[PDB]
Undergrad: 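Input: one structure, supplied below.
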6 protein chains.
Amino acid sequence: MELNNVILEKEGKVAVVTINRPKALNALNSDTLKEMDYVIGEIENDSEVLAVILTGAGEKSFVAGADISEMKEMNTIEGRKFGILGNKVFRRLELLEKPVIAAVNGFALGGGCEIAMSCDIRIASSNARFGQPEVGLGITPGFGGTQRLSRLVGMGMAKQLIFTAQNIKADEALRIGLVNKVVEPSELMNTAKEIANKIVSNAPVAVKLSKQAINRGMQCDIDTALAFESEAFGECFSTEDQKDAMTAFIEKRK
Amino acid sequence: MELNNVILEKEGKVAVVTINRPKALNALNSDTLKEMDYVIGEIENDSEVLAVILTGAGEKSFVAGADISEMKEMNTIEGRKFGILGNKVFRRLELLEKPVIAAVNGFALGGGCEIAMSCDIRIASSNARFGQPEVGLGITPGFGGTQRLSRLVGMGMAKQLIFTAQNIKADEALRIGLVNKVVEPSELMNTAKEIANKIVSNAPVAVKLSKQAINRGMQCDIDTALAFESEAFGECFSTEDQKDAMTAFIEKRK
Amino acid sequence: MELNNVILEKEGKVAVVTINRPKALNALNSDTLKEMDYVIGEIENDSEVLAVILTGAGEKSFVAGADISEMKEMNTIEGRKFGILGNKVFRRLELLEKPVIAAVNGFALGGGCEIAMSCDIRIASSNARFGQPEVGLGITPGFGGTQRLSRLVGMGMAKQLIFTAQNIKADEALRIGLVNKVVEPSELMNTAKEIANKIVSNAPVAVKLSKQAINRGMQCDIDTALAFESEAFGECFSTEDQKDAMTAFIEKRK
Amino acid sequence: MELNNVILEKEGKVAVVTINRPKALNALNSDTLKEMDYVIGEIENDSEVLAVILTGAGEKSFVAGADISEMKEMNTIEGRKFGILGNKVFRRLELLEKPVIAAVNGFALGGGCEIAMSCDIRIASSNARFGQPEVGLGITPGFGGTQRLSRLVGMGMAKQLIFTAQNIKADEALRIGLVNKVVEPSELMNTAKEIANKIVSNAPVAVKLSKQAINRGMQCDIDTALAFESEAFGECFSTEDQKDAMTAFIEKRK
Amino acid sequence: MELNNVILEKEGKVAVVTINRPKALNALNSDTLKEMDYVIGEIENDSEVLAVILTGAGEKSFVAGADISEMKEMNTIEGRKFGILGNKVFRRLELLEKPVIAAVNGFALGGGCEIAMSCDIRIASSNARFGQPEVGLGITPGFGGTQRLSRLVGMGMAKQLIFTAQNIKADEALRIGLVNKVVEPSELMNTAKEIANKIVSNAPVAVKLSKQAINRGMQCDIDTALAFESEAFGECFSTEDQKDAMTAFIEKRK
Amino acid sequence: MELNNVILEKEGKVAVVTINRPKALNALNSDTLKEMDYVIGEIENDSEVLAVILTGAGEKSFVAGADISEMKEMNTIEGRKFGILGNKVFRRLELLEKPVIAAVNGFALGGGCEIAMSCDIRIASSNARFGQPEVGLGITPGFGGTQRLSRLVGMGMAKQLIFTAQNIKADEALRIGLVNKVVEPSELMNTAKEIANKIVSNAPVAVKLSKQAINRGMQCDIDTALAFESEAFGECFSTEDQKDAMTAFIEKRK
């Protein structure tokens with residue numbers, strides 16, 4: 001598959017996915033969604049990639065939105081399918097068995113907010129903006145926004161942001177817990193690489209399985225969630241990395 | 001019904017609902033609950049109401065608890081029933097297809113905290129306090145408190161509050177996410193109206209369906225939640241507002 | 001059973017449980033978990049005990065992890081069993097029908113973070129640290145970490161903490177809601193005891209039933225949750241406490 | 001409220017609700033749905049009614065369907081509301097705190113199948129037919145059918161009946177567990193009255209609370225469901241009927 | 001502990017547990033529940049035991065109810081506690097990591113129905129009867145009845161059985177899936193033992209992990225359920241049994 | 001892709017998919033799974049396919065297990081992965097917006113039982129058998145068996161089958177609801193086509209949305225489920241087929 005709107009780069013144990021539609025401020029569309037699905041595949045096909053960073057081209061936009069020309073003419077049944085497909089790709093991102101960090105370098109609006117929310121971790125530049133303008137365009141959020149925002153920052157804030165369609169600055173995104181950290185633009189990528197390298201310095205199956213345990217156990221009652229964990233915890237004791245690391249830990253007396 | 005404890009008004013497309021019992025610091029009682037039921041009903045039927053502000057008369061109080069005289073003589077089967085009827089009113093408010101803003105202007109305690117939590121959005125004046133004193137009275141929270149506080153502020157704070165029965169102030173309410181914002185007493189209704197108007201300026205089917213999606217999807221696993229979203233998203237494409245707002249936006253975007 | 005990792009004391013109506021392995025930094029091993037279960041069962045039968053405070057001993061540690069010697073040679077099926085047994089002990093603490101306050105007096109890592117997350121209310125001293133080292137050792141959290149953290153601090157932060165395995169100070173911990181308060185070492189137990197003491201002054205059946213409604217209601221959808229509450233609320237009307245606190249309250253306030 | 005299309009009769013401890021649009025084979029419509037909501041109220045307002053029987057007028061139809069003239073012109077947003085309202089009334093029926101038995105005397109198609117499925121218990125005459133024709137009319141079931149049928153007879157059969165829109169006879173309804181018993185037309189009402197009188201010879205709060213425990217606990221995980229039961233079980237020991245009946249049971253030695 | 005309501009025997013790799021209160025019709029009282037919990041814990045630690053058969057003694061009764069003398073004077077809070085303790089015993093049986101077969105040899109009412117529903121597999125003798133008398137005594141089921149029956153036989157039938165309190169014969173019981181088989185008295189234990197024996201010939205880790213996946217997966221949504229399975233499936237690949245059964249199977253079948 | 005183990009055909013608007021490996025009794029293997037993935041994909045894209053029949057070549061077999069040679073050498077982390085990939089294919093089939101009919105014409109064991117259960121509707125020839133032998137091979141069911149059988153036939157039968165590893169015949173499959181119907185071997189495809197054609201004769205958006213509602217609503221509490229229905233119901237009123245089928249029906253009804 002050819003790659004017009006997205007850049008995959010690999011080096012060491014981390015991949016960087018860069019949305020790159022510099023004219024339309026990195027907005028999503030049919031094609032850019034297909035390209036993202038494809039790269040998610042590449043990434044899951046490679047077991048030497050242990051952590052991902054998703055970012056936007058340039059200094060102004062992470063992902064501005066989705067293309068409205070594409071959406072304006074759709075009927076009920078088409079829009080529904082268009083919702084299912086974007087959700088398919090973002091859900092795939094969320095479940096991807098490597099950690100994905102969203103390096104939110106500017107505008108994250110609409111589908112851009114939604115795709116950032118689909119990552120494991122969000123950090124922002126100080127210039128970053130977050131919002132869901134969809135309801136001013138006569139629609140709901142369409143790529144999960146009605147679900148991941150409340151789960152991430154609580155019903156109170158989610159509802160306000162979604163019903164008003166008003167943006168918030170980086171500092172406020174931090175106050176409500178939508179991002180984990182805020183830094184200066186010139187520090188964004190270094191900070192994501194440092195978090196990514198800490199993650200990748202850890203044991204991959206444990207990170208892999210911990211991600212699954214959090215993602216899945218969060219969907220259900222606490223007793224079945226906790227059982228889920230012990231099953232995954234068991235699996236870890238079948239690996240080299242488990243014995244080696246617990247061993248070298250006990251090289252503590254030296 | 002002629003209302004004695006509740007004032008219902010319409011400014012623009014926003015309903016303003018005010019609990020007013022100056023003898024009792026706007027405390028709930030049966031009568032007040034039945035009046036509130038009635039006005040939620042009126043607001044349901046009124047296609048000219050697109051958003052709601054819920055508030056309390058006066059400067060001291062939002063809603064300060066609930067009439068204890070009505071409750072003292074109840075047996076187990078009567079208390080049960082009383083908890084069910086109150087919860088019903090509040091659930092009904094929670095689910096109202098118009099968004100609801102609690103403008104918390106004073107004491108919000110017990111039932112008062114509970115009715116506020118049953119709104120979509122809570123904003124507060126700096127003198128406001130929130131608490132659940134029920135456990136000092138020999139009872140649990142009975143109008144959804146054991147369920148809604150937890151969900152809105154987490155298990156740690158909720159358990160602290162319900163178990164100690166101690167009030168918090170607005171700055172703390174804000175810190176733990178119980179409210180989205182805190183402002184001076186004389187800025188409260190203005191900020192509420194500014195929120196309400198921005199909501200009302202948006203596509204109403206979209207707002208209505210975003211609220212449903214949020215309310216309902218939050219109850220279930222993410223996969224079914226995301227699927228609910230797409231059915232609601234699709235319904236929006238049956239509307240003029242969507243066709244019109246998008247057309248407008250593409251043209252104006254230039 | 002006779003105890004040499006865990007002290008248990010009863011001060012009027014509150015029990016203080018202190019994990020005491022000073023040289024091991026109060027770390028958890030099988031004997032410790034076993035004794036914990038015993039003391040929990042002991043507190044279960046003592047109706048003079050209406051609240052619990054859990055802390056560690058000395059001034060360096062709450063609980064610093066779990067014994068890696070017991071773990072290093074475990075295999076998949078034994079790993080699993082370990083996980084289940086720990087979780088079974090911690091889950092019993094979480095459900096315990098008296099409120100339990102973790103006074104986190106210092107290091108709280110891995111299993112120690114997990115035990116603290118298994119209490120009702122967390123409170124910390126400004127020296128405390130929190131973390132989940134597990135993935136550095138080629139394992140996932142094994143005593144609930146993958147489930148409780150994300151539930152308490154949201155997915156963004158839980159995922160960052162578990163994938164990176166880096167620690168945070170008590171101030172970060174309060175910011176993300178992991179704890180409800182930070183005080184200085186010298187204030188910790190007084191703070192815990194004054195929280196415990198307020199709890200103990202309130203009606204005991206009401207606090208009990210509240211704990212249950214919050215735990216059980218939090219697992220399911222809001223409608224069946226709300227209905228759970230009313231059944232519990234009803235039960236409070238069978239007690240004398242309800243009759244006397246509400247008779248007192250009327251006359252008292254006048 | 002006036003009652004054109006529905007008959008409420010009370011005698012002893014049982015109410016009989018009779019759908020009675022003999023011309024349109026007892027089909028539902030806006031008005032008949034409002035009338036059903038009203039009678040549900042009357043019934044819940046009367047504590048001497050301990051069991052309900054829902055049936056259709058005449059010997060041919062239980063409830064044939066809903067009126068299609070009413071539905072044909074609706075748009076997306078109207079149909080959605082029309083779905084919510086019918087579901088509101090049937091859900092109210094399902095939760096009504098007295099047992100409701102559906103005496104299915106003939107055709108139960110569409111909304112008729114759906115309203116029968118909303119009762120606690122179904123019994124049929126041998127001439128009864130069951131089905132969901134909606135998908136041949138260009139719609140889904142609209143009054144719960146997509147939910148109660150699978151829950152009642154399993155996904156396999158529900159899907160077949162719903163995707164094909166083909167009817168099944170009484171004997172087959174019995175084989176898949178959609179009804180509990182099949183009898184001759186001249187025996188239908190006697191059999192429903194006998195089941196109703198057995199129910200009503202039992203202790204009303206226990207039946208009341210058992211209904212709630214089944215309805216609610218079925219919605220959630222088994223641990224929170226079982227906790228739900230014990231709360232309700234507790235409530236029972238606060239009643240006369242509990243002590244009297246256990247006492248008179250132990251008059252067993254006579 | 002030494003046992004005088006419950007016999008426990010070990011036949012190669014299967015344990016037979018027999019409730020033995022011949023004169024009381026094997027009824028459950030607190031001492032019996034207590035001993036059951038003890039024997040369950042005893043079977044828990046015995047890894048030579050890979051399956052369990054539960055039955056009653058003599059030819060009239062499986063378990064006929066629970067002792068109403070212990071219950072008659074209980075109040076709301078004590079009722080509740082009783083319910084929780086029974087359920088806690090039965091839930092431990094349900095989750096027990098060896099399969100358990102109820103050989104229902106006769107009467108199985110109230111608590112006795114409930115204990116049988118708490119095993120993995122039910123099998124009955126043609127004389128057996130099933131039922132839930134509780135509502136005749138002014139109580140709901142107290143040891144899981146309100147939850148397990150509807151889960152096993154569907155809502156239609158569970159509701160009829162609990163609201164009416166009437167019993168059914170073993171043939172009705174098989175029809176509705178309450179039991180998997182009916183045999184004559186003389187065949188019962190052979191049938192159980194041959195089921196137990198097949199189970200015991202199969203790989204033990206696989207049966208264990210299957211029991212867990214079925215119990216825990218059944219509580220949540222299909223996607224997190226499916227993911228639970230794969231984690232367990234993975235664990236099977238850590239065992240020698242998997243390696244040897246699949247090496248055998250190839251060569252064997254040729 | 002050129003297919004070696006799967007035959008894909010179109011008769012009318014129905015796709016017929018046939019698993020065909022005469023050397024191996026149509027047993028699954030990796031290759032066969034990838035081919036099945038591919039054809040589910042083709043069927044997704046084909047707007048001319050409105051229903052699917054899944055079957056096996058020959059007279060002995062539907063799908064008889066899965067290639068054990070591929071599995072024997074796997075470690076824990078590889079087995080996990082293998083279970084995930086298989087489940088994915090099957091989930092994808094389960095969720096396909098065209099209904100799927102398993103025409104079970106012979107042995108359906110292990111993977112074979114599992115793929116059949118992942119269809120919407122199961123019909124069987126009288127010589128058919130169903131079973132899960134995985135536990136004799138040292139493994140759990142790994143393609144959703146621990147989850148789907150339970151849901152389709154109940155916990156009692158599912159646990160019996162998975163634990164014993166014993167096959168049942170078609171008459172028993174029918175009795176426990178695993179299949180909707182059983183017919184002679186030479187009537188099987190005819191009955192399947194008759195089902196498929198009746199489905200296909202219906203309004204396709206309605207069928208498609210009924211399937212979603214059923215799949216998704218079954219995962220959650222009834223209240224949110226019913227709400228999902230109404231969003232889907234409403235979408236149908238955006239379609240001609242609804243307008244047309246209703247008009248037609250009102251006119252023809254006369």
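Below, chains carry the letters A, B, ... as their sequence lines are ordered, and counting in each starts from 1. Computed from heavy atoms alone, side chains included, the values below leave out hydrogens, waters and symmetry copies.
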Undergrad: Once you round to the nearest 0.5 Å, how far does CG of A:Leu161 lie from CG of A:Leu178?
TA: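 The CG atom of A:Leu161 sits 8.0 Å away from the CG atom of A:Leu178.
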
Undergrad: Looking at A:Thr146, is its backbone amide N or carbonyl O close enough to the side chain of B:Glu229 to form a donor-acceptor pair, meaning the two atoms are under 3.5 Å apart?
TA: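 At least one qualifying donor-acceptor pair exists.
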
Undergrad: Sorted by first residue and then second, give each side-chain hydrogen bond (donor to acceptor under 3.5 Å, both in side chains) pair with at least one member in residues 89-104 of chain B; sequence neighbours left out.
TA: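 side-chain hydrogen bond (donor to acceptor under 3.5 Å, both in side chains) check on residues 89-104 of chain B returns B:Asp37-B:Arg92, B:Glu44-B:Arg92, B:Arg91-B:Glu94, B:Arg91-C:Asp223, B:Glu94-B:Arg148, B:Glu97-B:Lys208, B:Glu97-D:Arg80.
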
Undergrad: Distance check, rounded to the nearest 0.5 Å: A:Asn127 atom CG versus A:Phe107 atom CZ?
TA: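 The CG atom of A:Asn127 sits 8.0 Å away from the CZ atom of A:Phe107.
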
Undergrad: Contact between D:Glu134 and D:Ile162 at the side-chain level, heavy atoms closer than 4.5 Å - yes or no?
TA: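 Of all side-chain heavy-atom pairs linking D:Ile162 with D:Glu134, none is under 4.5 Å.
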
Undergrad: Hey, mind stepping through A:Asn180 and C:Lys159 against side-chain contact (heavy atoms from CB on, under 4.5 Å) and telling me if it holds?
TA: CA-CA 10 Å; A:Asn180 289 355; C:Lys159 286 176 164 199; over 6 Å; no

Undergrad: Run the side-chain contact (heavy atoms from CB on, under 4.5 Å) check on D:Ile77 and B:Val205 step by step: do they pass?
TA: CA-CA 8 Å; D:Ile77 303 308; B:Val205 169; 3.7 Å; yes

Undergrad: For B:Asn215 and A:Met155, what are the C-alpha separation, side-chain angles and deciding distance, and is it a side-chain contact (heavy atoms from CB on, under 4.5 Å)?
TA: CA-CA 9 Å; B:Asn215 280 343; A:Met155 279 227 296; 4.3 Å; yes

Undergrad: Please tell me whether A:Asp67 and A:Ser69 have a donor and an acceptor in their side chains that are separated by less than 3.5 angstrom.
TA: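 The criterion, which ignores hydrogens and geometry beyond distance, is satisfied for A:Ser69 and A:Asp67.
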
Undergrad: Do you know the tightest heavy-atom contact between B:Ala15 and B:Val49?
TA: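 Distance-wise, the nearest heavy atoms are CB-CG1, 3.6 Å.
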
Undergrad: Identify the two heavy atoms, one from C:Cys220 and one from D:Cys220, that lie closest to each other, and give their separation to 0.1 Å.
TA: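 For C:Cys220 versus D:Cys220, the nearest heavy atoms are CB-CB, 3.6 Å.
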
Undergrad: Can you check side-chain contact (heavy atoms from CB on, under 4.5 Å) on A:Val104 and A:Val179, steps first, answer last?
TA: CA-CA 9 Å; A:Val104 177; A:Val179 305; 5.5 Å; no

Undergrad: Distance from D:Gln147 atom CD to D:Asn87 atom CG, nearest 0.5 Å?
TA: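 So the gap between those two atoms works out to 9.0 Å.
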
Undergrad: Which heavy atom of F:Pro99 sits nearest a heavy atom of F:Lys211, and at what distance?
TA: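 Closest heavy-atom pair between F:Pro99 and F:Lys211: CA-NZ, 4.3 Å.
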
Undergrad: Less than 4.5 Å apart, any side-chain heavy atom of B:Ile222 and any of A:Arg151?
TA: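 Contact flag for B:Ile222/A:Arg151 side chains = yes.
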
Undergrad: Under 3.5 Å, is there a donor-acceptor pair between the A:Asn5 and A:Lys34 side chains?
TA: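 No, no side-chain donor-acceptor contact under 3.5 Å.
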
Undergrad: Side chain of B:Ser230, backbone of A:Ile84: donor and acceptor closer than 3.5 Å?
TA: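 Answer holds: yes.
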
Undergrad: How long is the straight-line distance from CD of B:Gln242 back to CZ of B:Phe233, given to the nearest 0.5 Å?
TA: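 Atom-to-atom, B:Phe233:CZ and B:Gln242:CD are 8.5 Å apart.
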
Undergrad: Return the minimal non-hydrogen interatomic distance between B:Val200 and B:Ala51, and the atom names on each side.
TA: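 Smallest interatomic distance, heavy atoms only, reads CG2-CB, 3.7 Å.
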
Undergrad: Could you tell me whether the side chain of A:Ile19 reaches within less than 4.5 Å of the side chain of A:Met36, counting heavy atoms only?
TA: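 Yes, their side chains come closer than 4.5 Å.
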
Undergrad: Quick check against the 3.5 Å criterion: does B:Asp221 have a side-chain atom that pairs as donor or acceptor with the backbone of A:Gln219?
TA: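 No; judged by distance alone, with no hydrogens or angles, the pair does not exist.
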
Undergrad: Report yes or no: does A:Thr76 contribute a side-chain atom to a donor-acceptor pair with the main-chain N or O of F:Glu235 at less than 3.5 Å?
TA: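 No, the answer is negative, given that no donor and acceptor are paired below the 3.5 Å cut-off.
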
Undergrad: Can you name the side-chain hydrogen bond (donor to acceptor under 3.5 Å, both in side chains) partners of D:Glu114, sequence neighbours left out?
TA: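 Checked D:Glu114 against side-chain hydrogen bond (donor to acceptor under 3.5 Å, both in side chains); zero matches.
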
Undergrad: Side-chain contact test, heavy atoms from C-beta onward, threshold under 4.5 Å: evaluate it for A:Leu149 versus A:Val153 and give yes or no.
TA: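 With C-beta onward as the side chain, the pair touches.
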
Undergrad: Less than 4.5 Å apart, any side-chain heavy atom of A:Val100 and any of A:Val17?
TA: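 No, every pair of side-chain atoms sits at 4.5 Å or beyond.
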
Undergrad: Taking F:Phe237's backbone N and O only, do any of them form a donor-acceptor pair with D:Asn75's side chain (distance below 3.5 Å, no angle check)?
TA: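 No: the side chain of D:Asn75 does not pair with the backbone of F:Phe237.
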
Undergrad: Quick check against the 3.5 Å criterion: does A:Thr140 have a side-chain atom that pairs as donor or acceptor with the backbone of B:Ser210?
TA: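 Side chain of A:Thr140 to backbone of B:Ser210, a donor-acceptor pair under 3.5 Å: no, none is there.
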
Undergrad: Using 4.0 Å as the upper bound for N to carboxylate O, is an ion pair formed by B:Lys193 and B:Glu11?
TA: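 Looking at B:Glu11 and B:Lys193, the cut-off is met.
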
Undergrad: State whether the side chain of C:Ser150 and the backbone N or O of C:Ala158 hold a donor-acceptor pair below 3.5 Å, judged by distance alone.
TA: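 No, because the side chain of C:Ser150 does not come within donor-acceptor range (under 3.5 Å) of the backbone of C:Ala158.
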
Undergrad: Check for a donor-acceptor pair, side chain of A:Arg122 on one end and backbone N or O of A:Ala116 on the other, with a separation under 3.5 Å.
TA: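 Flag set: sc A:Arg122 to bb A:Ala116 pair under 3.5 Å.
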
Undergrad: State, with a plain yes or no, whether a side-chain heavy atom of F:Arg216 is found less than 4.5 Å away from one of B:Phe228.
TA: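 F:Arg216 vs B:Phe228: side chains apart.
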
Undergrad: Nearest 0.5 Å please: distance from the CZ atom of B:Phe90 over to the SG atom of B:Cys119.
TA: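 With rounding to 0.5 Å, CZ (B:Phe90) is 9.0 Å from SG (B:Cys119).
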
Undergrad: If we ignore angles and hydrogens, is there a donor and acceptor under 3.5 Å between the side chains of A:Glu70 and A:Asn29?
TA: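 Not at all, the side chains of A:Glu70 and A:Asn29 share no donor-acceptor pair under 3.5 Å.
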
Undergrad: May I ask you to decide whether A:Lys81 forms a salt bridge with A:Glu78, counting only side-chain N to carboxylate O separations under 4.0 Å?
TA: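 The answer is no: the pair does not qualify as a salt bridge.
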
Undergrad: Do A:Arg175 and A:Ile168 have side chains that get closer than 4.5 Å, going by heavy atoms?
TA: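 The answer is no, as the side chains (C-beta and beyond) never meet within the 4.5 Å cut-off.
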
Undergrad: Rounded to the nearest 0.5 Å, how far does CE of D:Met71 lie from SG of F:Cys236?
TA: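 Reported to 0.5 Å precision, the distance equals 9.5 Å.
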
Undergrad: Check for a donor-acceptor pair, side chain of A:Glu35 on one end and backbone N or O of A:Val6 on the other, with a separation under 3.5 Å.
TA: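 Checking the backbone N and O of A:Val6 against the side chain of A:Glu35, a donor-acceptor pair under 3.5 Å is found.
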
Undergrad: Between A:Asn20 (side chain) and A:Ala57 (backbone), is there a donor-acceptor pair under 3.5 Å?
TA: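 Absent.
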
Undergrad: Using a 3.5 Å cut-off and no angle test, enumerate the donor-acceptor pairs between side-chain atoms of residues 244-254 of chain B and protein atoms at least two apart in sequence or in another chain.
TA:
| residue | atom | partner | partner atom | Å |
| --- | --- | --- | --- | --- |
| B:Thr247 | OG1 | B:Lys243 | O | 2.8 |

Undergrad: Flag the pair A:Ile176 / A:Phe130 as yes when at least one side-chain heavy-atom distance between them is below 4.5 Å, and no otherwise.
TA: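 No. Closest side-chain heavy atoms not under 4.5 Å.
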
Undergrad: Identify the heavy atoms of B:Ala103 and B:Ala192 that sit nearest to each other, and give their distance.
TA: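 Smallest heavy-atom distance, with atoms named: CB-CB, 4.1 Å.
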
